[PDB]
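**Q** I'd like to ask you about the structure that follows.
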Amino acid sequence: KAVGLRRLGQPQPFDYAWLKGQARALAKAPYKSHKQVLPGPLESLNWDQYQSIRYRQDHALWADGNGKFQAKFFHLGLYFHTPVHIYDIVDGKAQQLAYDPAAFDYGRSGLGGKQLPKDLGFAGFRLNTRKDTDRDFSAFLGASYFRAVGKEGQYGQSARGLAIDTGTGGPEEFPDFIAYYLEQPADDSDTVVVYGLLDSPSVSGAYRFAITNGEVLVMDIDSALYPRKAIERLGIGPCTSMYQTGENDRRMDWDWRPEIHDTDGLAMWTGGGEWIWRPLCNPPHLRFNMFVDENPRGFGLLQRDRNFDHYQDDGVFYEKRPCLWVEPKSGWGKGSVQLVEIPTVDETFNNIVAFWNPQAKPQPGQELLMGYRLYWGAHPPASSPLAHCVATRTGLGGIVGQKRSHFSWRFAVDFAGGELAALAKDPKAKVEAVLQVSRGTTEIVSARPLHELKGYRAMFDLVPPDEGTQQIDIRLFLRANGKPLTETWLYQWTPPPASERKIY
Amino acid sequence: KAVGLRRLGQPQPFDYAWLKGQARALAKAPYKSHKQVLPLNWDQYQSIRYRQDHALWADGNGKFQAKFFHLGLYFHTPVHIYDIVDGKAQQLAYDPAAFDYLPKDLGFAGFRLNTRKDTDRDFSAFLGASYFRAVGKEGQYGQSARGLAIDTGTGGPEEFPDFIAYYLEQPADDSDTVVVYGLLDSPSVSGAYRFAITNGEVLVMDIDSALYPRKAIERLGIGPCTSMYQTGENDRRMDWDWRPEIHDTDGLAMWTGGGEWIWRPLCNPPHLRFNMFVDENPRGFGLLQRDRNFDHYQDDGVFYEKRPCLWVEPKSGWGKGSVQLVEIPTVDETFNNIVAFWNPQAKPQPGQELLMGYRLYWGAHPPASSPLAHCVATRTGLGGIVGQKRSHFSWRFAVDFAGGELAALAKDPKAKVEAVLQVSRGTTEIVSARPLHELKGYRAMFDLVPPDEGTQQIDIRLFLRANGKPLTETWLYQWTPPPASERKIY
Ligand SMILES: OC[C@H]1O[C@@H](O[C@H]2[C@H](O[C@H]3[C@H](O[C@H]4[C@H](O[C@H]5[C@H](O[C@H]6[C@H](O[C@H]7[C@H](O[C@H]8[C@H](O[C@H]9[C@H](O[C@H]%10[C@H](O[C@H]%11[C@H](O[C@H]%12[C@H](O[C@H]%13[C@H](O[C@H]%14[C@H](O[C@H]%15[C@H](O[C@H]%16[C@H](O[C@H]%17[C@H](O[C@H]%18[C@H](O[C@H]%19[C@H](O[C@H]%20[C@H](O[C@H]%21[C@H](O[C@@H]%22[C@@H](O)[C@H](O)[C@@H](CO)O[C@H]%22O)O[C@H](CO)[C@@H](O)[C@@H]%21O)O[C@H](CO)[C@@H](O)[C@@H]%20O)O[C@H](CO)[C@@H](O)[C@@H]%19O)O[C@H](CO)[C@@H](O)[C@@H]%18O)O[C@H](CO)[C@@H](O)[C@@H]%17O)O[C@H](CO)[C@@H](O)[C@@H]%16O)O[C@H](CO)[C@@H](O)[C@@H]%15O)O[C@H](CO)[C@@H](O)[C@@H]%14O)O[C@H](CO)[C@@H](O)[C@@H]%13O)O[C@H](CO)[C@@H](O)[C@@H]%12O)O[C@H](CO)[C@@H](O)[C@@H]%11O)O[C@H](CO)[C@@H](O)[C@@H]%10O)O[C@H](CO)[C@@H](O)[C@@H]9O)O[C@H](CO)[C@@H](O)[C@@H]8O)O[C@H](CO)[C@@H](O)[C@@H]7O)O[C@H](CO)[C@@H](O)[C@@H]6O)O[C@H](CO)[C@@H](O)[C@@H]5O)O[C@H](CO)[C@@H](O)[C@@H]4O)O[C@H](CO)[C@@H](O)[C@@H]3O)O[C@H](CO)[C@@H](O)[C@@H]2O)[C@H](O)[C@@H](O)[C@@H]1O
Ligand SMILES: OC[C@H]1O[C@@H](O[C@H]2[C@H](O[C@H]3[C@H](O[C@H]4[C@H](O[C@H]5[C@H](O[C@H]6[C@H](O[C@H]7[C@H](O[C@H]8[C@H](O[C@H]9[C@H](O[C@H]%10[C@H](O[C@@H]%11[C@@H](O)[C@H](O)[C@@H](CO)O[C@H]%11O)O[C@H](CO)[C@@H](O)[C@@H]%10O)O[C@H](CO)[C@@H](O)[C@@H]9O)O[C@H](CO)[C@@H](O)[C@@H]8O)O[C@H](CO)[C@@H](O)[C@@H]7O)O[C@H](CO)[C@@H](O)[C@@H]6O)O[C@H](CO)[C@@H](O)[C@@H]5O)O[C@H](CO)[C@@H](O)[C@@H]4O)O[C@H](CO)[C@@H](O)[C@@H]3O)O[C@H](CO)[C@@H](O)[C@@H]2O)[C@H](O)[C@@H](O)[C@@H]1O
Ligand SMILES: OC[C@H]1O[C@@H](O[C@H]2[C@H](O[C@H]3[C@H](O[C@H]4[C@H](O[C@H]5[C@H](O[C@H]6[C@H](O[C@H]7[C@H](O[C@H]8[C@H](O[C@H]9[C@H](O[C@@H]%10[C@@H](O)[C@H](O)[C@@H](CO)O[C@H]%10O)O[C@H](CO)[C@@H](O)[C@@H]9O)O[C@H](CO)[C@@H](O)[C@@H]8O)O[C@H](CO)[C@@H](O)[C@@H]7O)O[C@H](CO)[C@@H](O)[C@@H]6O)O[C@H](CO)[C@@H](O)[C@@H]5O)O[C@H](CO)[C@@H](O)[C@@H]4O)O[C@H](CO)[C@@H](O)[C@@H]3O)O[C@H](CO)[C@@H](O)[C@@H]2O)[C@H](O)[C@@H](O)[C@@H]1O
């Protein structure tokens with residue numbers, strides 16, 4: 001039977017307006033690092049020691065009550081040298097939770113009998129239903145990172161509170177959540193509300209996360225930001241994923257597993273009403289791309305291929321990993337969805353980052369309010385009502401069985417859904433591939449039924465305009481009678497250098 | 001309505017003994033070339049179409065007919081075609097009335113056979129040198145057979161026999177079989193063949209051959225299967241194409257005289273590889289297209305997943321010899337870069353008569369396979385624990401098996417299944433055998449550390465075992481390790 005948790009200090013009145021006040025005040029002073037040298041035995045644990053530490057079910061927050069949820073806490077150490085102070089809100093008042101050795105099984109860490117302060121803090125927290133106390137439906141841990149899962153329960157990509165100067169070629173600035181306030185839900189509530197205080201060299205913030213667990217998990221998020229400095233590249237709603245290899249891009253096809261990625265595309269629903277699918281790549285050099293928009297309806301990183309046959313990893317279940325969809329609340333005005341793709345040689349590094357960059361540079365003293373909903377699960381809650389891109393495949397161009405007189409690259413793009421089944425069965429149906437390329441030229445263009453999918457396949461060869469490796473953008477959709485039949489496929493290709501072209 | 005075909009000369013008595021007689025006399029005399037200067041793009045060649053009004057047997061009441069290929073393009077060796085009726089052969093003339101666009105004795109390039117019900121579908125086609133093809137139910141042409149291979153994969157020049165005449169025996173009206181006789185000639189050898197062809201879901205050819213060496217032969221190949229393997233999970237060295245699997249066949253299957261079932265995955269190696277599997281009284285061998293899932297191939301024009309498996313079953317005990325496999329590097333699917341055949345231990349000698357009979361099966365599945373679990377996938381890549389510094393180069397293999405009693409073992413937490421793994425050189429590490437529930441089978445994984453910096457072929461033998469007995473056919477993989485320069489990049 002669970003016990004009450006050890007506390008620190010007395011309850012203090014708490015609400016979102018109060019937290020926005022703390023964050024604004026925090027931005028009025030220069031940034032001071034929150035990283036600490038931890039007490040001696042804690043400062044240099046190894047992986048094995050750290051991993052053996054376990055938070056005890058009998059000290060899980062709220063598990064002594066009658067509600068549907070509970071929380072457990074991650075211990076500091078190993079990677080986590082920035083204390084996070086955790087508070088419980090009851091009747092409108094926030095009480096800090098003490099670091100309590102009785103709440104941990106220390107395993108092989110050697111931490112028992114050390115004299116660790118009551119104000120040590122934590123590394124983060126995780127939430128669990130009371131019906132299923134070993135399953136984490138969300139986990140907030142490290143910097144401003146957090147993750148959640150839907151029904152399938154397999155962890156994959158991450159979100160963050162905020163991204164700053166990702167992919168600039170210069171150094172990235174990583175904000176931290178330095179405090180979390182967990183609001184005790186009503187006994188019959190399906191929601192857990194968590195508040196977060198964020199600080200970073202450039203900016204402070206106050207965050208409210210209303211987390212509703214479900215088959216697709218939803219978080220209703222409000223953020224109030226208070227810059228301390230001008231910010232070159234602010235990133236709202238950042239999604240953080242990994243793409244090593246797959247049909248979209250076989251450059252790093254060194255593995256026996258054919259698809260290795262936590263997500264395979266960036267999806268966008270534009271203010272103008274367009275649906276876009278942008279297949280993720282693993283490029284040879286860092287690539288930064290922006291998609292200009294105004295009042296965006298949504299963007300996110302999806303794991304659209306959910307067929308185990310294409311992944312084959314019965315250890316980590318890539319095909320079950322969640323989509324993450326960002327849905328702006330209200331109008332965010334002008335800006336761009338931005339995508340950073342970093343080269344990676346393996347699947348241990350998150351080489352994909354996507355976020356929203358406002359047009360206007362934030363300025364010291366200003367308040368910036370940004371709200372959105374995040375959906376985690378097998379499918380985003382919104383998608384194109386037209387046919388979706390269900391596969392992208394590429395390879396060396398040129399008519400098979402003829403001499404090849406020049407370098408080109410071949411693309412095959414498969415669409416299914418909407419009304420393509422009926423069109424594919426109509427021998428008179430005329431479907432037009434619509435192609436626009438940033439540079440270079442297309443040849444051997446076709447759009448034809450793909451009966452095996454009850455869909456359509458577009459194929460084209462792309463001839464780069466020169467011997468250089470400047471990125472080439474291709475926009476493709478299918479159409480009939482004044483209406484698009486598909487969402488828009490937007491691919492960004494880094495041509496090979498002349499030396500590689502010569503081998504071909 | 002179809003008309004009778006233009007003839008040439010008068011019917012002469014014909015039987016198999018006569019044909020054997022013509023072949024042996026051909027072989028005793030000096031070889032005379034049959035390539036002729038004929039009295040043209042690949043696209044431009046098909047303007048020529050043999051017409052149905054002139055199709056052989058289309059004016060009768062039987063189940064089958066023949067039409068003929070025109071000499072041209074890749075075909076400059078005339079084939080004389082004959083119709084056998086009541087024990088008598090009569091040559092068919094070259095007739096311009098029979099084509100849609102030249103002497104009566106110009107000859108043809110070969111023939112194709114059709115049911116009367118589907119006169120545009122051909123279920124067999126004999127065309128080019130001694131090559132021929134057939135299809136089963138799915139109708140999609142793929143790998144080829146030949147009458148004979150000579151000096152394939154020697155590092156010297158190959159010699160390619162020609163069928164120089166075919167005698168088509170008019171079937172009885174209710175027969176399900178077409179019998180075709182072939183006269184083969186080649187610098188080294190002449191032959192008389194009999195092909196009993198029985199169309200069906202899996203098409204069967206019952207073949208008898210009688211071979212007369214004109215001179216000693218260095219490498220005789222009997223029952224040759226000729227295929228293509230560009231890229232796929234077995235070997236992604238040439239992964240240039242958007243299509244992930246490109247091959248007419250994915251493995252060599254062998255049923256040995258001792259009763260072993262072997263699956264040898266085909267590769268597209270960087271240099272020619274010649275491999276032999278010593279056997280005695282082989283029970284069968286062939287090239288299979290075992291992966292039949294369109295999803296893995298994606299070509300909705302030529303349907304690699306529907307192409308036929310070719311299985312050879314000797315009608316008798318062929319004694320000692322070897323199944324031989326030749327793999328040639330290719331950068332495209334148009335080159336036939338895979339050849340497998342039986343090579344008898346004994347060197348053929350001038351004056352001798354070699355009688356060899358066998359059955360060929362063309363269709364979706366071989367008519368025989370292991371009753372144990374099959375290898376249903378081979379995948380390979382860079383070895384080493386993922387995301388760790390590597391002290392040494394290694395290559396990782398994942399091999400999936402399904403069938404036999406593996407589904408029951410996979411569900412059974414008490415089940416003790418072990419991978420048994422031998423390599424001809426180097427060492428193996430990080431070896432496992434575990435249920436693959438998504439398949440209801442097992443997966444074996446291992447890493448292989450090549451012994452040195454060089455690229456000498458390594459042979460790997462794998463099977464799964466419980467209580468001392470095999471649970472699977474034998475997986476036999478021949479790996480060419482990458483050179484040092486490639487390892488540095490890894
Ligand atoms: O083929 C191949 C070739 O090719 C070429 O190229 C080309 C190309 O082609 C390609 C393709 O293309 C395509 C195209 O495309 C396009 C696209 O399209 C798209 C689409 O769209 C479209 C649309 O469409 C539509 C449709 O409509 C259409 C129609 O249709 C129809 C159909 O019809 C068809 C037909 O059908 C039929 C069939 O059957 C048949 C068959 O056939 C087949 C074939 O076969 C062939 C072959 O092949 C093969 C091969 O193999 C072979 C061989 O050969 C080889 C050689 O051999 C030799 C030997 O060799 C040896 C060696 O020796 C040597 C040496 O070596 C050495 C060694 O030794 C050593 O060791 C080493 C060391 O190291 O060294 C070395 O060196 O050397 C020396 C030197 O010195 C030498 O001398 C020597 O020789 O050795 C070795 C070792 O030992 C060995 O192993 C070897 O062997 O030798 C010997 C002795 O001497 C000799 O004799 C031999 O010869 O070799 C050479 C060299 O290398 C090579 O090269 C060769 O190759 O031979 C042998 C013997 O004889 C044999 O046996 C074998 O087999 O190969 C492979 C492997 O590798 C295999 O696999 C194969 O198979 O070949 C031959 C020869 O040539 C011939 O004859 C034959 O024929 O094939 C195919 C393929 O695969 C298949 O498929 C088939 O099947 O045949 C038979 C006979 O046999 C007969 O009988 C039968 O009949 O099929 C079916 C099924 O099965 C059936 O049923 C039928 O019947 O067909 C045809 C043909 O193909 C076609 O054409 C047609 O089309 O039909 C159906 C039913 O009925 C119907 O329904 C339909 O309708 O049609 C029309 C008319 O035409 C049209 O017009 C129309 O279009 O429709 C459908 C339904 O509805 C729908 O869906 C659709 O859509 O349309 C529209 C309009 O409207 C349009 O616009 C449009 O476009 O669509 C789709 C869907 O969606 C898609 O997918 C597609 O894509 O498009 C695009 C745009 O967008 C474009 O761009 C494109 O182009 O198309 C077209 C029409 O369009 C087509 O035509 C074409 O095709 O493609 C593919 C892929 O995918 C590929 O693959 C191909 O290639 O094309 C182009 C264009 O046109 C052109 O230009 C040209 O050219 C190449 O050139 C060549 O090369 C080859 O050959
Ligand atoms: O493999 C498996 C398979 O089989 C099959 O069956 C088959 C068979 O096989 C078998 C084998 O056989 C062997 C033999 O043995 C036997 C014997 O024989 C005999 C004969 O008789 C026969 C007949 O004949 C005929 C002929 O024809 C031939 C040819 O001729 C040519 C010529 O030359 C000649 C030679 O031959 C001789 O020898 C000599 C003498 O002096 O003379 C000469 O002249 O030349 C010309 C010019 O150049 C030409 O034109 C011709 O063609 O040759 C070939 C090659 O060598 C041979 O083969 C043949 O035979 O012709 C003649 C005329 O000249 C006539 O008259 C005769 O008649 O035929 C029949 C049918 O028609 C049959 O039936 C019979 O048999 O005779 C001869 C004489 O002439 C003698 O010499 C011989 O010896 O017989 C016996 C009794 O009957 C028996 O028993 C045996 O068997 O031998 C041969 C020779 O040496 C060889 O070659 C063969 O191979 O045997 C084995 C045992 O070991 C077995 O196992 C097998 O089976 O064969 C047959 C024949 O060819 C056929 O017909 C059949 O078909 C089956 O069917 C399946 O199923 C299986 O799988
Ligand atoms: O963004 C979308 C989501 O919005 C959520 O709703 C939010 C709401 O966002 C609005 C936004 O609100 C802005 C605000 O305009 C309000 C106006 O505010 C007056 C305020 O009245 C509020 C009250 O304020 C208390 C005050 O807290 C403020 C805090 O004070 C500091 C204190 O914390 C500190 O200790 C000391 C010492 O350092 O300094 C003080 O300055 O400072 C922060 C940061 O600046 C402010 O955000 C806090 O308001 O503290 C004093 C004590 O010091 C209290 O006496 C006072 O009550 O708080 C109430 C909740 O407790 C709240 O309901 C009241 O609105 O009062 C101050 C004076 O005290 C006055 O100057 C503000 O103008 O209120 C009117 C209602 O009459 C609203 O119509 C108006 O929108 O202005 C502040 C200051 O500039 C902004 O920071 C704030 O963003 O306005 C947007 C329109 O432009 C609107 O679109 C947003 O929805 O903000 C409130 C307040 O922060 C939140 O409580 C609320 O949750 C929705 O719930 C989501 O669904 C949306 O997605």
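Each chain in the structure tokens gets a letter, A, B and so on, in the order shown; residues start at 1 in every chain, and ligands are counted from 1 in the order they appear.
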When you get a sec, could you note down which chain B residues fall within 10 Å of chain A, using only C-alpha atoms, as a VMD selection string?
**A** chain B and resid 42 233 to 234 236 239 to 244 294 to 296 298 to 300 331 to 335 378 to 383 386 to 388 395 to 398 435 to 439 490
**Q** Based on the selection just made, write N, CA and C atoms of those residues as a tab-separated table (two decimals), in the first residue's frame.
**A**
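Final output, selection_9.tsv:
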```tsv
chain	number	residue	atom	x	y	z
B	42	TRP	N	16.01	-3.93	-81.42
B	42	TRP	CA	15.24	-4.83	-80.57
B	42	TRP	C	13.75	-4.51	-80.66
B	233	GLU	N	18.05	-8.94	-51.15
B	233	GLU	CA	18.50	-9.10	-49.78
B	233	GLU	C	19.73	-10.04	-49.72
B	234	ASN	N	19.83	-11.02	-50.60
B	234	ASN	CA	20.97	-11.95	-50.55
B	234	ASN	C	22.28	-11.20	-50.78
B	236	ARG	N	23.31	-7.03	-51.82
B	236	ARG	CA	22.91	-5.67	-52.25
B	236	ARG	C	24.13	-4.91	-52.80
B	239	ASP	N	23.14	-2.14	-55.72
B	239	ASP	CA	21.83	-1.55	-55.32
B	239	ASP	C	21.55	-0.22	-56.02
B	240	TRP	N	21.79	-0.14	-57.32
B	240	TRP	CA	21.63	1.13	-58.01
B	240	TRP	C	20.16	1.46	-58.26
B	241	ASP	N	19.31	0.44	-58.29
B	241	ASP	CA	17.99	0.56	-58.86
B	241	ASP	C	17.02	0.92	-57.74
B	242	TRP	N	15.91	1.55	-58.12
B	242	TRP	CA	14.83	1.82	-57.18
B	242	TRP	C	14.12	0.53	-56.76
B	243	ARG	N	14.17	-0.49	-57.61
B	243	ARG	CA	13.50	-1.74	-57.31
B	243	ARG	C	14.41	-2.53	-56.38
B	244	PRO	N	13.91	-2.98	-55.22
B	244	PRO	CA	14.80	-3.61	-54.25
B	244	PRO	C	15.22	-5.07	-54.53
B	294	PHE	N	5.04	-9.72	-54.59
B	294	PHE	CA	5.19	-8.53	-55.42
B	294	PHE	C	5.74	-7.34	-54.62
B	295	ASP	N	5.37	-7.25	-53.34
B	295	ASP	CA	5.72	-6.10	-52.52
B	295	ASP	C	7.24	-5.91	-52.48
B	296	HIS	N	7.98	-7.01	-52.56
B	296	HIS	CA	9.43	-6.97	-52.44
B	296	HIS	C	10.10	-6.62	-53.76
B	298	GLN	N	8.12	-4.93	-56.92
B	298	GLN	CA	7.46	-3.69	-57.32
B	298	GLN	C	7.45	-3.47	-58.84
B	299	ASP	N	7.95	-4.40	-59.65
B	299	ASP	CA	7.89	-4.15	-61.10
B	299	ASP	C	6.59	-4.72	-61.69
B	300	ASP	N	5.63	-3.84	-61.98
B	300	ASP	CA	4.31	-4.24	-62.47
B	300	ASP	C	4.29	-4.25	-64.00
B	331	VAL	N	25.84	-5.38	-64.14
B	331	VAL	CA	25.24	-4.12	-63.76
B	331	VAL	C	23.82	-4.02	-64.27
B	332	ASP	N	23.32	-4.96	-65.08
B	332	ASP	CA	21.90	-4.87	-65.43
B	332	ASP	C	21.19	-6.22	-65.61
B	333	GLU	N	19.87	-6.13	-65.52
B	333	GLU	CA	19.01	-7.35	-65.52
B	333	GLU	C	18.91	-8.03	-66.89
B	334	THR	N	19.49	-7.44	-67.92
B	334	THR	CA	19.35	-8.00	-69.26
B	334	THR	C	20.40	-9.07	-69.52
B	335	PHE	N	21.42	-9.13	-68.68
B	335	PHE	CA	22.46	-10.12	-68.85
B	335	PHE	C	22.14	-11.33	-67.97
B	378	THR	N	17.25	-14.34	-46.34
B	378	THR	CA	18.63	-14.11	-46.04
B	378	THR	C	18.82	-12.59	-46.09
B	379	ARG	N	19.37	-12.00	-45.02
B	379	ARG	CA	19.71	-10.58	-44.96
B	379	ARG	C	21.09	-10.42	-44.34
B	380	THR	N	21.89	-9.49	-44.87
B	380	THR	CA	23.24	-9.34	-44.39
B	380	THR	C	23.56	-7.86	-44.25
B	381	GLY	N	24.57	-7.54	-43.44
B	381	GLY	CA	25.09	-6.17	-43.37
B	381	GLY	C	26.28	-6.07	-42.42
B	382	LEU	N	26.72	-4.83	-42.13
B	382	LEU	CA	27.87	-4.59	-41.28
B	382	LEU	C	27.64	-5.20	-39.88
B	383	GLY	N	28.63	-5.97	-39.41
B	383	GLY	CA	28.55	-6.63	-38.12
B	383	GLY	C	28.98	-5.73	-36.96
B	386	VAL	N	25.51	-2.72	-32.31
B	386	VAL	CA	25.08	-1.44	-32.85
B	386	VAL	C	25.44	-0.31	-31.88
B	387	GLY	N	26.11	0.71	-32.41
B	387	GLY	CA	26.45	1.91	-31.65
B	387	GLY	C	27.61	1.70	-30.69
B	388	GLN	N	28.54	0.78	-31.01
B	388	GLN	CA	29.75	0.57	-30.23
B	388	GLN	C	30.95	0.74	-31.14
B	395	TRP	N	30.96	-9.11	-40.50
B	395	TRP	CA	29.75	-9.03	-41.31
B	395	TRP	C	28.67	-9.84	-40.61
B	396	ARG	N	27.48	-9.24	-40.55
B	396	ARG	CA	26.33	-9.82	-39.87
B	396	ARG	C	25.36	-10.46	-40.88
B	397	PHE	N	24.82	-11.62	-40.50
B	397	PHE	CA	23.87	-12.40	-41.27
B	397	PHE	C	22.67	-12.71	-40.41
B	398	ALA	N	21.48	-12.54	-40.99
B	398	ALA	CA	20.23	-12.94	-40.36
B	398	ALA	C	19.50	-13.85	-41.34
B	435	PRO	N	13.00	-17.53	-31.66
B	435	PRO	CA	11.72	-17.48	-32.33
B	435	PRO	C	11.59	-16.15	-33.07
B	436	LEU	N	11.05	-16.22	-34.28
B	436	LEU	CA	10.57	-15.06	-34.99
B	436	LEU	C	9.06	-15.18	-35.08
B	437	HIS	N	8.35	-14.68	-34.07
B	437	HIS	CA	6.89	-14.91	-33.96
B	437	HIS	C	6.10	-14.37	-35.15
B	438	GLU	N	6.57	-13.28	-35.73
B	438	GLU	CA	5.88	-12.67	-36.87
B	438	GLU	C	5.84	-13.65	-38.05
B	439	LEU	N	6.77	-14.60	-38.08
B	439	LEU	CA	6.81	-15.60	-39.14
B	439	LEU	C	6.30	-16.96	-38.66
B	490	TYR	N	33.90	1.43	-43.49
B	490	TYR	CA	33.19	0.93	-42.33
B	490	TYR	C	34.09	1.11	-41.10
```
**Q** Given only C-alpha atoms and all ligand atoms, how would the per-residue table for chain B near ligand 1 read, listing every residue at most 6 Å away with its closest atom pair and distance in Å to one decimal, sorted by chain and number, as a Markdown table?
**A**
```
| residue | atom | partner | partner_atom_place_in_ligand_line | distance |
| --- | --- | --- | --- | --- |
| B:42 | CA | ligand 1 | 237 (O) | 4.7 |
| B:43 | CA | ligand 1 | 235 (O) | 5.5 |
| B:112 | CA | ligand 1 | 147 (O) | 5.8 |
| B:121 | CA | ligand 1 | 155 (O) | 5.2 |
| B:122 | CA | ligand 1 | 149 (O) | 5.6 |
| B:125 | CA | ligand 1 | 147 (O) | 4.9 |
| B:127 | CA | ligand 1 | 113 (O) | 4.9 |
| B:128 | CA | ligand 1 | 99 (O) | 4.0 |
| B:129 | CA | ligand 1 | 99 (O) | 4.7 |
| B:131 | CA | ligand 1 | 115 (O) | 5.3 |
| B:132 | CA | ligand 1 | 115 (O) | 5.6 |
| B:139 | CA | ligand 1 | 153 (O) | 5.1 |
| B:140 | CA | ligand 1 | 153 (O) | 3.3 |
| B:141 | CA | ligand 1 | 153 (O) | 4.0 |
| B:142 | CA | ligand 1 | 125 (O) | 4.9 |
| B:143 | CA | ligand 1 | 117 (O) | 5.9 |
| B:144 | CA | ligand 1 | 115 (O) | 4.8 |
| B:152 | CA | ligand 1 | 89 (O) | 5.4 |
| B:153 | CA | ligand 1 | 71 (O) | 5.1 |
| B:158 | CA | ligand 1 | 69 (O) | 5.6 |
| B:160 | CA | ligand 1 | 96 (C) | 5.5 |
| B:226 | CA | ligand 1 | 91 (O) | 5.4 |
| B:228 | CA | ligand 1 | 120 (C) | 5.0 |
| B:248 | CA | ligand 1 | 123 (O) | 5.7 |
| B:272 | CA | ligand 1 | 74 (O) | 5.9 |
| B:299 | CA | ligand 1 | 203 (O) | 5.7 |
| B:300 | CA | ligand 1 | 203 (O) | 4.4 |
| B:301 | CA | ligand 1 | 203 (O) | 3.2 |
| B:302 | CA | ligand 1 | 139 (O) | 4.1 |
| B:328 | CA | ligand 1 | 74 (O) | 5.7 |
| B:333 | CA | ligand 1 | 121 (O) | 4.8 |
| B:334 | CA | ligand 1 | 121 (O) | 3.6 |
| B:335 | CA | ligand 1 | 121 (O) | 3.7 |
| B:336 | CA | ligand 1 | 121 (O) | 3.8 |
| B:337 | CA | ligand 1 | 91 (O) | 5.1 |
| B:338 | CA | ligand 1 | 91 (O) | 5.8 |
| B:339 | CA | ligand 1 | 91 (O) | 5.6 |
```
**Q** Pick out the residues no farther than 12 Å from ligand 2, counting only C-alpha atoms and all ligand atoms, and list them as a PyMOL selection string.
**A** chain B and resi 12-29+87+181+190-196+206-212+314-316+351-359
**Q** Select the residues contacting ligand 3 at a distance of at most 6 Å, based on only C-alpha atoms and all ligand atoms, then format the selection as a PyMOL selection string.
**A** chain A and resi 16-18+20-21+24-25+222+369+371
**Q** Please, what distance in Å, to one decimal, runs between CA of residue 444 (chain A) and CA of residue 403 (chain A)?
**A**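 Going from CA of residue 444 (chain A) over to CA of residue 403 (chain A) covers 15.2 Å.
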**Q** Run DSSP on the backbone of this structure and report the residues of region 5-248 of chain B it assigns to strand (DSSP E), as an MDAnalysis selection string.
**A** chainID B and resid 7:13 49:50 64:69 80:85 88:92 99:100 110:115 124:127 131:134 144:146 149:150 162:169 177:186 189:198 203:213 220:227 229:231 246:247
**Q** Can you tell me which residues surround residue 432 (chain B) at a distance of at most 10 Å, considering only C-alpha atoms, apart from same-chain residues fewer than 2 positions away, and format the answer as an MDAnalysis selection string?
**A** chainID B and resid 398 417:420 429:430 434 443:447
**Q** Rounded to one decimal in Å, what is the spacing between CA of residue 162 (chain B) and CA of residue 77 (chain B)?
**A**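 One can read the CA of residue 162 (chain B) to CA of residue 77 (chain B) distance as 7.9 Å.
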**Q** I want to know what sits within 10 Å of region 178-191 of chain A, based on only C-alpha atoms, with residues of the same chain fewer than 4 positions away left out; could you give that as a PyMOL selection string?
**A** chain A and resi 14-15+19+34-35+61-62+65-71+82-97+121-125+129+140+142-144+195-200+206-214+218-219
**Q** Mind checking which residues fall within 12 Å of residue 76 (chain B), counting only C-alpha atoms, ignoring those fewer than 3 positions away in the same chain, and posting them as a PyMOL selection string?
**A** chain B and resi 33-39+69-73+79+106-110+127-129+162+164
**Q** Env of residue 104 (chain B): 8 Å cut, atoms = only C-alpha atoms, seq-sep filter 3 positions within chain, self excluded. Answer as a PyMOL selection string.
**A** chain B and resi 8+93-95+107
**Q** Show which residues sit within 7 Å of residue 348 (chain B), as a PDB file with C-alpha atoms, in the first residue's frame. Count only C-alpha atoms, and ignore same-chain residues fewer than 4 positions away.
**A**
```pdb
ATOM      1  CA  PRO B 213      31.269 -35.983 -78.564  1.00  0.00           C
ATOM      2  CA  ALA B 216      37.204 -34.483 -75.752  1.00  0.00           C
ATOM      3  CA  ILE B 217      35.210 -32.035 -73.652  1.00  0.00           C
TER       4      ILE B 217
END
```
